[PDB]
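Trainee: Have a look at this one before I ask anything.
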Amino acid sequence: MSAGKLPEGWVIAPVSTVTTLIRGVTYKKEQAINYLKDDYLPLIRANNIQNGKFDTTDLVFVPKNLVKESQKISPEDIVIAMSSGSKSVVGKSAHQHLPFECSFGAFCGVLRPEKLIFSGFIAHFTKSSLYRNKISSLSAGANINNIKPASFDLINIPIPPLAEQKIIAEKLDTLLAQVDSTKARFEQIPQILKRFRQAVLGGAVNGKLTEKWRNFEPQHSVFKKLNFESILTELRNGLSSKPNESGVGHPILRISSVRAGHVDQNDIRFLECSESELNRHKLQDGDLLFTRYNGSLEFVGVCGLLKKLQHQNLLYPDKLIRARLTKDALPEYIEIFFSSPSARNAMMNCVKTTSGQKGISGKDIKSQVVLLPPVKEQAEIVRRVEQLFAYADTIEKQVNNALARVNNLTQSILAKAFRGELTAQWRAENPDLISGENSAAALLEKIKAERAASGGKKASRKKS
Amino acid sequence: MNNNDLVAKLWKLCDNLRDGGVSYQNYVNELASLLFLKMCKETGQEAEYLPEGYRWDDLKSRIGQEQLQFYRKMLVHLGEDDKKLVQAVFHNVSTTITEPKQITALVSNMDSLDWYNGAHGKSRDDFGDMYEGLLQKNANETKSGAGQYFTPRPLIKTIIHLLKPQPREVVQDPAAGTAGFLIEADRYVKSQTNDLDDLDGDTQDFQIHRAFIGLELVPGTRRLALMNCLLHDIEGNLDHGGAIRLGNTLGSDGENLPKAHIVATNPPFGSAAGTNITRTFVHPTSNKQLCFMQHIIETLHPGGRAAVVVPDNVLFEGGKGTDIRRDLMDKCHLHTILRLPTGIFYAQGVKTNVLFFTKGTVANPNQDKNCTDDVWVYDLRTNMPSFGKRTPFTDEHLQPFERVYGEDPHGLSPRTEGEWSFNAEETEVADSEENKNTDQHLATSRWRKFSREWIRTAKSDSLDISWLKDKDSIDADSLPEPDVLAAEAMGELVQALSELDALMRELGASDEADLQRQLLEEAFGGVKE
Amino acid sequence: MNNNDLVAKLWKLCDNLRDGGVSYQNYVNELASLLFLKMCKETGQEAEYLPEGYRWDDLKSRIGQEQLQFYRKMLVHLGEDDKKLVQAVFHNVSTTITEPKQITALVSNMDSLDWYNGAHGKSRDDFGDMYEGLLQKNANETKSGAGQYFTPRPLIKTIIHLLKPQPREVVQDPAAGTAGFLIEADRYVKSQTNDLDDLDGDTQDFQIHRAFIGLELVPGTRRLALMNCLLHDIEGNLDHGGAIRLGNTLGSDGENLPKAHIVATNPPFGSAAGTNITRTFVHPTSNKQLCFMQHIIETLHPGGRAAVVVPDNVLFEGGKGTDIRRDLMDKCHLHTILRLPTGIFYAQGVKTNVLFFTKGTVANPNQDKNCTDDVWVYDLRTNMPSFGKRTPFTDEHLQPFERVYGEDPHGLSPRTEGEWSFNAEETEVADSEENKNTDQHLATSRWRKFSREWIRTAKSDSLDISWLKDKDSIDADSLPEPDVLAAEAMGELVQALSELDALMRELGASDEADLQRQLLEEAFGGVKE
Amino acid sequence: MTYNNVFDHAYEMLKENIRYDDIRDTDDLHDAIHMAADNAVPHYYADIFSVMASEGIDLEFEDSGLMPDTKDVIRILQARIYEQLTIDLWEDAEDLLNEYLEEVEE
Amino acid sequence: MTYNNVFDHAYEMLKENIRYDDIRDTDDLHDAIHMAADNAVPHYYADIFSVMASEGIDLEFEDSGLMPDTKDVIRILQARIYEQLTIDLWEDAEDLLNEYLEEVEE
């Protein structure tokens, strides 16, 4: 028992003992030009560690400057910490791949002794929240609201066997890579999605196309205006003064709700009495929703689709505008079409910011240009688009759980990696024992029991 | 006492001041001057109060610029002479009128006014009273900036009620303002001695000339304050102009002020006005409020007592703020802290408290260290009704606190944690050191005590002690006792409840306590596992 | 002309004013008063200027409060009488001194001062000149707030130089301030007529009493302005106190002002001071600057010309802003717009311009509509050297603009787009309607013209015309002509370059133009595909 | 510069815009109210900061949809002034439409 | 309230902190300068807004590492005051250390 439950094999050693050198850095005389002028050697500020891994340097610091200054040259593959800036006393960490670099007073270069301690191991170790708690024990303190290098040295950290430290570190490293990997795919998918948006809508699946009033389009497709296909409805708000309207149970969706996103429900709701007297327009499910006010980025459009099971339906305010399909149409397809940027440009070109602005006139919407694909094709396009969106959501969720997994795993491994057992492999004549999912676990259990029994021979085995 | 026919009549005159260049903040000041001169004439002995050549007729008879210029010279001539009696009332006094047609319209307007609010005999008192009330409306108005020196009447009453000033006790106010605390302290003393009639002439003289002392930086305000005491029969010391002295509490004047048995004050918030700290304190600071605290600790006689209205900063400020707070709890016996609501001040986005403490201890009036032991805090802020002109802050809101406080002015009356007013039981409990190892019932009390060692350790010597969320949400209140005890635990336990509700919906279980208990029995236990 | 020994000597005296309660903004005002009284005595005929009982000896001999009060009465007594000559100089004048020991220290200080800056004969002119210069330091200082009425000297000179005021022409300034533009306009006229000696006495009288007119809201400032003209031999109209009249340009005084042939002014920025718009305009507004514009359009005689310093808001404000801008281009012939740099004003985060236009047109002085046809804009803001006390804004920065502008005061001199000063060629070109269908060379010019129909259509009647990024980056300047022509195209073309550099690195190609061209030949073409 | 100065500017503009278009109903006031704000919002840095320092306006938004998701602090402050203006002008809408209608009589 | 009022507060605190710990070198001034700011940063809402409206401070950060990534606008403004204080106090560091050393003589 010590900082935390610690295993037999390990010892809690101070960082100072384990570390070859712990020292601060200083600040150069800014006034002198010569120090900065024409500088070869990168100079780093506190911001550098905070932003990403340390590949890049915001400022530049000359060697003349280096000579006249406490600042020294740090080695590559070295851990770095930022004294200032934190929740009164955390400290930031980073690794420097690029050639030996220098820093200022806030940064503290730290070097691990060879084979004594790994840089990778330490970096994760400091990163751990447990690390944060340890420092917080000091408190904000008076006049020293930072992490004193002296205090840093005192720190007690457990020390694993050299072999295990590499293995443990590697495992964490892979996990970090994985999150990065998923992130990369994640970024790419909306880029791809964006491409489909333009191509699918205009191009459609066909191959034979002709010239059209609205850009090049498929031959099969036909052209019509919004008014032809859909009907536009305008809307008014209830008087705030009457509380009768206020008691509710029926949704009324304002632009703000639209900002939220897909809308089954709304923050404020309006009563049936209100609908009848006011003669508000009720909307059935699967209807299209649009934003009439606060413009957006000026004259532009916003959209949303109402959700309902046979349980509910939605009504909205003046700020919003509704569209109802006469028939042959797929609402999801149209919704995506509106939000498309192509629509944004066309609307903007037709109407520039004018007195009527930050809003769309009914005439404008009706006159709007739109393609009319066949019913089946529309469904196919819509299904594809919607599915892609779902995929993006799923990946996000996957990332979240993975992150959680790391947290859980880190907790266990910190203790377990710390046991000597981790260095040693489980006793097994054949590798097959581990291979089976269940078998591996069984082997582990047997080894543990046997080892403990052998340990029983001397108390010291367990005790140490 | 409320504004009446007289207040409305005084208001109409301010229309001339408004359209004369005068601000809403100086209305009363402008009116008081003119009214005084007018009243001296009505008295029929102006010859005894004002100097020849500078009386009501000399001003009232003139017109236009000839009048504004004469008025100026008159304001200066009166505020400078050996007849310090009247001089006190016009010292550093000047008009802010610029429109010559407006002054002519004003003087003649009130010249034809009544004793409308009057009474048997001249009701000079009434004019002053109305004057104060009108001033309050201004003090209350945002645009004016007057709000700086405004303190909820019910707060003043309460503060003096808990200090219980006795005759022969010197009551000081470092930030007198319009002398609100002093007037109230005097009123309280008179209400316990038949207006001084229960006391021998000598003690009466003490109460009239030495019992109350104030200090105000802004000469304009000090003037109003001087008129206030004067009509309240508080003469103070003629050497300094009266009960309220003119000067800087953080300057030479501050240390030249006489010690005191009692101190009730509401020093300025923010960085204050033009007040340079040209005085050395036990712990030099930049903050103006922490300087006042050091002054208040200094002037108090051994065994003295005080009630000081302060901002949250004083409680949680670091650097030198910690040193001064440790100094306070060393040299004084801080026993009670009242955390006030929000929106009770003409300001708005501020947080204020009232510290109650004794200089040294009742047993050892001269103790230099470890005077503070247990500090009682009363949360009258979190989860409180949004105060405003709609929701007024009254004496009713302070009665619970004054009850638990005790009847002893040194806060030595027996006390026991436990006060759940203003829906304290329905307020969200915070998960912090304060509520550590605290049972469900206490963690929701607005009245709790904290030890010196605890404040030292847990709070690192910070008096920004808080322990209720008073979340504004409606949730069923069904929980295990252990769940309630651990505030932090609630999140985990509550999470289990969320899933339970979903299952219950499918079940269609009725809304009954028994049903909830049955489900909780299994679900609750599972979490424990 | 620079501050000297005299300016340093005047500065030392302000130390008394500083420690006397006087602000850095009123230093000059306080000094001017005293100096004037002192000079009248030194003249040896104070009996002709000042009234008995109120002269230098009457003030200088007194001491303490007896002196401050006498001084007050004296300030009022002088500013009110039929001897309007002197009255003008002390009208609405008052001291801001409160420390009685400070005034005594001031009066005696300068009483023993020299004609240190003097010359043959009394150098009254010098004191006034030094006075103005000192005022400039204050006008330049941030803390003071004086900066509101400060205009870069080189800007004033330039504005008057391009307007070329001739004798017999009435030059007006709606926002006189300290009469900076008028004084300069008068200086210019004198420099072209041997100080009026080339003109007949009657025309000389015109230049002295009717040629220049100003209007200032703040009486304190108007006073300083009045003293300025007076020592510059600009008497103006005695009925109104002199060349600068006291009043509100957006009020009754504004419309009571006489028409003018020329208008050079720098109206107030922001929501302005206490200036209520109690005057009806062709297009009622709330904005103070757009009101001034309406006034300026109104007072100008047919064929009149003006140069008005305005904020960016006036150019891009909707609502009534568009209506007033259309009114301006209808009733006036706006021909030139100068977009000023930043940091040249005591303020900082502001954007200012100078509009040059004629009332009607030279050919048809009474034209009511379609007066504006082509508008020339000179970008002297984007990609400019960060001005400050380190990087001063001089006349050198304005010479290029004044060259292309032409020598004709109506902006009718032949003009041709094309001006690339202050590294215009290295400035980033913006992709907007302004640069549409514009070749590489022109899109980087600081001097460009825009048609009325274009402003109407593309700009929707907005004069916030801008076309350079002047990005601060160092990039090789190798591009195809067509690439440069399309600003937007650059991003796509540049993207190709990024990849090319990477390949080049592997190749190890030398840094030569030929090598770049060879690569570009293939790479550039590929993008076109 | 104070919040009341900006508010007194949009209030007067809305009065003007009401007359120019003969507006008689609150349901036709939206665009006039929003243009009024545009014309009254300050444009200088310090003026925007001075307005935020004065009486009558807090930092929190009523509808977060009118708050831009941006790193530019000055735009967030401008958007908050714009929002408070629109809210306060809507509270005076009926009063202003009545004063316009009532300004003539046969 | 002005920026110069806050700056005149931290400047005086740093003077005090310098004496209390006999500080003689700039390389030992970091913590005193940063505590000085803490004690001088305003706490009220309007005071923070009034300070941002006055002379001597702009909205942009010099080192973005001292800028919190947060939706809370008031914290961003407070952090900017804090940063400007620390920068301006560092420009006076040598002058202040010389005045302290020079205040006594045998």
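Chain labels A, B, ... are given in the sequence in which chains occur in the structure tokens; within each chain residues are numbered consecutively from 1, and ligands are likewise numbered from 1 in the order shown.
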Give me every helix (DSSP H, G or I) residue in chain E, going by DSSP on the backbone, as a PDB file with C-alpha atoms, in the first residue's frame.

Mentor:
ATOM      1  CA  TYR E   3      -7.754  49.173 -17.254  1.00  0.00           C
ATOM      2  CA  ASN E   4      -5.322  51.705 -15.613  1.00  0.00           C
ATOM      3  CA  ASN E   5      -7.171  51.228 -12.282  1.00  0.00           C
ATOM      4  CA  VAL E   6      -6.600  47.407 -12.425  1.00  0.00           C
ATOM      5  CA  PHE E   7      -3.046  47.845 -13.642  1.00  0.00           C
ATOM      6  CA  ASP E   8      -2.309  50.344 -10.793  1.00  0.00           C
ATOM      7  CA  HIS E   9      -3.541  47.605  -8.400  1.00  0.00           C
ATOM      8  CA  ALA E  10      -1.331  44.643  -9.587  1.00  0.00           C
ATOM      9  CA  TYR E  11       1.666  47.051  -9.890  1.00  0.00           C
ATOM     10  CA  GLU E  12       1.330  47.962  -6.221  1.00  0.00           C
ATOM     11  CA  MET E  13       0.833  44.375  -5.161  1.00  0.00           C
ATOM     12  CA  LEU E  14       3.957  43.185  -6.995  1.00  0.00           C
ATOM     13  CA  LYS E  15       5.886  46.026  -5.178  1.00  0.00           C
ATOM     14  CA  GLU E  16       4.635  44.642  -1.890  1.00  0.00           C
ATOM     15  CA  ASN E  17       5.337  40.948  -2.799  1.00  0.00           C
ATOM     16  CA  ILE E  18       8.847  42.017  -3.903  1.00  0.00           C
ATOM     17  CA  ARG E  19       9.596  43.437  -0.441  1.00  0.00           C
ATOM     18  CA  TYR E  20       8.032  40.641   1.517  1.00  0.00           C
ATOM     19  CA  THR E  26      13.798  38.564 -12.692  1.00  0.00           C
ATOM     20  CA  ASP E  27      14.295  34.834 -12.796  1.00  0.00           C
ATOM     21  CA  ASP E  28      12.560  34.614  -9.435  1.00  0.00           C
ATOM     22  CA  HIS E  30       7.295  34.696 -12.180  1.00  0.00           C
ATOM     23  CA  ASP E  31       5.078  33.722  -9.265  1.00  0.00           C
ATOM     24  CA  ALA E  32       4.978  37.189  -7.755  1.00  0.00           C
ATOM     25  CA  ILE E  33       3.794  38.714 -11.124  1.00  0.00           C
ATOM     26  CA  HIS E  34       1.073  36.034 -11.617  1.00  0.00           C
ATOM     27  CA  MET E  35      -0.293  36.369  -8.010  1.00  0.00           C
ATOM     28  CA  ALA E  36      -0.327  40.140  -8.497  1.00  0.00           C
ATOM     29  CA  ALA E  37      -2.662  39.804 -11.457  1.00  0.00           C
ATOM     30  CA  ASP E  38      -4.923  37.412  -9.450  1.00  0.00           C
ATOM     31  CA  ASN E  39      -5.385  39.979  -6.828  1.00  0.00           C
ATOM     32  CA  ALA E  40      -6.091  42.810  -9.319  1.00  0.00           C
ATOM     33  CA  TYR E  45     -19.519  41.420 -14.461  1.00  0.00           C
ATOM     34  CA  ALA E  46     -19.744  45.098 -15.363  1.00  0.00           C
ATOM     35  CA  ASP E  47     -16.275  45.870 -13.984  1.00  0.00           C
ATOM     36  CA  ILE E  48     -14.826  43.191 -16.259  1.00  0.00           C
ATOM     37  CA  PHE E  49     -16.824  44.626 -19.248  1.00  0.00           C
ATOM     38  CA  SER E  50     -15.849  48.264 -18.259  1.00  0.00           C
ATOM     39  CA  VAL E  51     -12.165  47.294 -18.174  1.00  0.00           C
ATOM     40  CA  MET E  52     -12.476  45.721 -21.674  1.00  0.00           C
ATOM     41  CA  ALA E  53     -14.074  49.024 -22.885  1.00  0.00           C
ATOM     42  CA  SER E  64      -3.161  31.311 -27.318  1.00  0.00           C
ATOM     43  CA  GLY E  65      -2.061  28.833 -24.679  1.00  0.00           C
ATOM     44  CA  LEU E  66      -3.272  31.276 -22.027  1.00  0.00           C
ATOM     45  CA  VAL E  73     -17.427  34.398 -22.758  1.00  0.00           C
ATOM     46  CA  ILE E  74     -16.714  36.100 -19.345  1.00  0.00           C
ATOM     47  CA  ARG E  75     -13.867  33.651 -18.627  1.00  0.00           C
ATOM     48  CA  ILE E  76     -12.242  34.391 -21.952  1.00  0.00           C
ATOM     49  CA  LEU E  77     -12.332  38.183 -21.116  1.00  0.00           C
ATOM     50  CA  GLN E  78     -10.989  37.630 -17.636  1.00  0.00           C
ATOM     51  CA  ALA E  79      -8.166  35.498 -19.061  1.00  0.00           C
ATOM     52  CA  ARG E  80      -7.280  38.323 -21.481  1.00  0.00           C
ATOM     53  CA  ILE E  81      -7.036  40.897 -18.611  1.00  0.00           C
ATOM     54  CA  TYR E  82      -4.901  38.398 -16.689  1.00  0.00           C
ATOM     55  CA  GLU E  83      -2.612  37.938 -19.655  1.00  0.00           C
ATOM     56  CA  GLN E  84      -2.179  41.736 -20.338  1.00  0.00           C
ATOM     57  CA  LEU E  85      -1.391  42.314 -16.682  1.00  0.00           C
ATOM     58  CA  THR E  86       1.343  39.709 -16.709  1.00  0.00           C
ATOM     59  CA  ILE E  87       2.823  41.119 -19.906  1.00  0.00           C
ATOM     60  CA  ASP E  88       2.841  44.742 -18.618  1.00  0.00           C
ATOM     61  CA  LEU E  89       4.233  43.791 -15.185  1.00  0.00           C
ATOM     62  CA  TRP E  90       7.079  41.890 -16.948  1.00  0.00           C
ATOM     63  CA  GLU E  91       7.984  45.115 -18.841  1.00  0.00           C
ATOM     64  CA  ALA E  93      10.289  44.018 -13.750  1.00  0.00           C
ATOM     65  CA  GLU E  94      13.800  45.383 -14.018  1.00  0.00           C
ATOM     66  CA  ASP E  95      12.695  48.929 -13.037  1.00  0.00           C
ATOM     67  CA  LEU E  96      10.911  47.642  -9.956  1.00  0.00           C
ATOM     68  CA  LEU E  97      13.769  45.409  -8.856  1.00  0.00           C
ATOM     69  CA  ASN E  98      16.209  48.407  -9.222  1.00  0.00           C
ATOM     70  CA  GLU E  99      13.905  50.761  -7.198  1.00  0.00           C
ATOM     71  CA  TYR E 100      13.771  48.154  -4.366  1.00  0.00           C
ATOM     72  CA  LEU E 101      17.557  47.577  -4.271  1.00  0.00           C
TER      73      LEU E 101
END

Trainee: Chain C residues within 12 Å of chain E, counting only C-alpha atoms: which ones, as a PDB file with C-alpha atoms, in the first residue's frame?

Mentor:
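Dumped to result-v6.pdb:
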ATOM      1  CA  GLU C 141      -3.303  61.481 -25.356  1.00  0.00           C
ATOM      2  CA  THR C 142      -5.706  58.595 -24.826  1.00  0.00           C
ATOM      3  CA  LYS C 143      -6.503  59.029 -21.146  1.00  0.00           C
ATOM      4  CA  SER C 144      -7.738  62.547 -21.852  1.00  0.00           C
ATOM      5  CA  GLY C 145     -10.661  61.729 -24.128  1.00  0.00           C
ATOM      6  CA  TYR C 346      -5.960  58.703 -30.936  1.00  0.00           C
ATOM      7  CA  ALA C 347      -8.697  56.066 -30.904  1.00  0.00           C
ATOM      8  CA  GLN C 348      -7.578  52.795 -32.509  1.00  0.00           C
ATOM      9  CA  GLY C 349     -10.101  50.176 -33.594  1.00  0.00           C
TER      10      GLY C 349
END

Trainee: Find the nearest atom pair between each residue of chain C and chain A for residues within 9 Å, count only C-alpha atoms, give distances in Å to one decimal, sort rows by chain and ascending number, and present the table as a tab-separated table.

Mentor:
residue	atom	partner	partner_atom	distance
C:318	CA	A:355	CA	8.5
C:319	CA	A:355	CA	8.0
C:460	CA	A:354	CA	8.1

Trainee: Return as number ranges by chain the residues belonging to chain C that are within 9 Å of chain B, counting only C-alpha atoms.

Mentor: C: 65, 69, 72-73, 76-77, 80

Trainee: Could you save the residues just selected, with C-alpha atoms, as a JSON list (two decimals), in the first residue's frame?

Mentor:
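Dumped everything to part_15.json:
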[["chain", "number", "residue", "atom", "x", "y", "z"],
["C", 65, "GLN", "CA", -10.12, 80.18, -0.88],
["C", 69, "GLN", "CA", -14.06, 82.15, -4.92],
["C", 72, "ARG", "CA", -15.14, 82.02, -9.88],
["C", 73, "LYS", "CA", -17.13, 85.24, -9.58],
["C", 76, "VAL", "CA", -18.76, 84.69, -14.51],
["C", 77, "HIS", "CA", -18.54, 88.44, -14.40],
["C", 80, "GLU", "CA", -21.48, 88.33, -19.14]]

Trainee: Leaving out stretch 312-317 of chain A and any residue of its chain fewer than 5 positions from it, which residues lie within 9 Å of it when counting only C-alpha atoms, given as a compact mmCIF listing (two decimals) with N, CA, C and O atoms, in the first residue's frame?

Mentor:
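Resulting contents of around20.txt:
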# COMPACT_ATOMS: atom_id res chain seq x y z
N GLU A 234 -48.52 29.19 -44.57
CA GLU A 234 -47.94 30.23 -43.76
C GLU A 234 -48.41 30.02 -42.35
O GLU A 234 -49.30 29.20 -42.11
N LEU A 235 -47.81 30.72 -41.36
CA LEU A 235 -48.22 30.36 -40.03
C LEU A 235 -48.11 31.55 -39.09
O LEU A 235 -47.31 32.45 -39.32
N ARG A 236 -48.95 31.59 -38.03
CA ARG A 236 -48.98 32.68 -37.07
C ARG A 236 -48.82 32.13 -35.67
O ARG A 236 -49.04 30.95 -35.42
N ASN A 237 -48.43 33.02 -34.72
CA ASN A 237 -48.17 32.66 -33.34
C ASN A 237 -49.34 33.05 -32.49
O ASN A 237 -50.09 33.96 -32.84
N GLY A 238 -49.52 32.36 -31.35
CA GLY A 238 -50.60 32.65 -30.45
C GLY A 238 -50.23 33.83 -29.62
O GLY A 238 -49.05 34.19 -29.51
N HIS A 250 -49.35 19.75 -26.82
CA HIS A 250 -49.17 19.63 -28.25
C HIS A 250 -47.98 20.46 -28.68
O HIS A 250 -47.89 21.63 -28.34
N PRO A 251 -47.09 19.89 -29.47
CA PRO A 251 -45.87 20.58 -29.84
C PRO A 251 -46.00 21.74 -30.80
O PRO A 251 -46.82 21.68 -31.72
N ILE A 252 -45.20 22.81 -30.58
CA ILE A 252 -45.10 23.96 -31.45
C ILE A 252 -43.63 24.17 -31.68
O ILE A 252 -42.90 24.47 -30.74
N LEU A 253 -43.13 24.05 -32.93
CA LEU A 253 -41.70 24.07 -33.11
C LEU A 253 -41.21 25.33 -33.74
O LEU A 253 -41.51 25.62 -34.90
N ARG A 254 -40.39 26.09 -32.98
CA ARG A 254 -39.82 27.35 -33.40
C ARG A 254 -38.50 27.09 -34.06
O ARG A 254 -38.00 25.97 -34.09
N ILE A 255 -37.89 28.16 -34.61
CA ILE A 255 -36.65 28.07 -35.33
C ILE A 255 -35.62 27.50 -34.41
O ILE A 255 -34.76 26.73 -34.83
N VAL A 263 -36.79 16.86 -35.37
CA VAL A 263 -37.68 17.28 -34.32
C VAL A 263 -38.89 16.41 -34.15
O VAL A 263 -39.77 16.36 -35.00
N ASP A 264 -38.90 15.61 -33.06
CA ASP A 264 -40.10 14.93 -32.66
C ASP A 264 -40.90 15.84 -31.75
O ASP A 264 -42.13 15.89 -31.82
N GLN A 265 -40.19 16.60 -30.87
CA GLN A 265 -40.81 17.37 -29.81
C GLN A 265 -40.27 18.77 -29.83
O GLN A 265 -39.30 19.07 -30.52
N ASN A 266 -40.92 19.69 -29.06
CA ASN A 266 -40.47 21.05 -28.96
C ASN A 266 -40.48 21.47 -27.52
O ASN A 266 -41.18 20.88 -26.69
N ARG A 269 -45.03 24.26 -26.14
CA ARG A 269 -46.07 23.57 -26.84
C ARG A 269 -47.30 24.45 -26.85
O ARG A 269 -47.39 25.40 -26.07
N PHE A 270 -48.27 24.21 -27.78
CA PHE A 270 -49.44 25.06 -27.81
C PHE A 270 -50.68 24.20 -27.66
O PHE A 270 -50.69 23.03 -28.03
N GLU A 275 -55.08 26.15 -31.17
CA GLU A 275 -55.07 25.84 -32.57
C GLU A 275 -56.38 26.20 -33.20
O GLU A 275 -56.41 26.77 -34.28
N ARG A 280 -54.29 27.66 -36.35
CA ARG A 280 -52.94 27.31 -36.68
C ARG A 280 -52.99 26.12 -37.60
O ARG A 280 -53.99 25.41 -37.64
N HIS A 281 -51.92 25.90 -38.38
CA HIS A 281 -51.90 24.79 -39.29
C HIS A 281 -51.24 23.63 -38.61
O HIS A 281 -50.12 23.74 -38.11
N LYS A 282 -51.95 22.49 -38.57
CA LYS A 282 -51.44 21.29 -37.95
C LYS A 282 -50.64 20.58 -39.00
O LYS A 282 -50.92 20.70 -40.19
N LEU A 283 -49.60 19.83 -38.58
CA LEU A 283 -48.79 19.18 -39.56
C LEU A 283 -48.81 17.71 -39.29
O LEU A 283 -48.73 17.29 -38.14
N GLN A 284 -48.95 16.90 -40.35
CA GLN A 284 -48.90 15.47 -40.18
C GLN A 284 -47.46 15.06 -40.25
O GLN A 284 -46.60 15.86 -40.62
N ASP A 285 -47.17 13.81 -39.87
CA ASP A 285 -45.81 13.35 -39.83
C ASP A 285 -45.29 13.21 -41.22
O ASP A 285 -46.04 13.13 -42.19
N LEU A 306 -40.25 16.37 -39.63
CA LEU A 306 -40.97 16.06 -38.42
C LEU A 306 -41.09 14.57 -38.24
O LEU A 306 -41.25 13.83 -39.21
N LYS A 307 -41.03 14.10 -36.98
CA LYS A 307 -41.12 12.69 -36.71
C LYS A 307 -42.38 12.42 -35.94
O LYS A 307 -42.75 13.19 -35.06
N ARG A 322 -44.02 25.58 -43.79
CA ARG A 322 -44.24 24.16 -43.99
C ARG A 322 -44.53 23.88 -45.43
O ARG A 322 -45.00 24.75 -46.17

Trainee: Go through chain A residue by residue and, counting only C-alpha atoms, keep those with an atom at most 6 Å from chain E; for each kept residue give the shortest atom pair and its distance in Å to one decimal, ordered by chain and increasing number, as a Markdown table.

Mentor:
| residue | atom | partner | partner_atom | distance |
| --- | --- | --- | --- | --- |
| A:47 | CA | E:65 | CA | 4.2 |
| A:143 | CA | E:31 | CA | 5.6 |
| A:144 | CA | E:31 | CA | 5.5 |

Trainee: Write out as number ranges by chain the set of residues from stretch 191-376 of chain B that DSSP, computed on the backbone, places in strand (DSSP E or B).

Mentor: B: 212-216, 237, 242, 244-246, 260-265, 300-311, 332-339, 352-359, 374-376

Trainee: In Å to one decimal, how far is atom CA of residue C:268 from atom CA of residue C:216?

Mentor: 10.9 Å

Trainee: Within 9 Å of stretch 126-132 of chain B, counting only C-alpha atoms, which residues show up once you throw out same-chain ones fewer than 2 positions away? Write them as a list in words, please.

Mentor: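 Answer for this query is residues 1, 2, 3, 4, 6, 7, 10, 28, 31, 32, 35, 115, 117, 118, 119, 122, 123, 124, 134, 135, 136, 137, 224, 227, 228, 231 and 232 of chain B.
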
Trainee: So that I can check the surroundings of stretch 373-376 of chain C, please list as a ChimeraX atom specification every protein, DNA and RNA residue that reaches within 8 Å of it, counting only C-alpha atoms and ignoring chain neighbours fewer than 5 positions away.

Mentor: /C:333-337,447-452
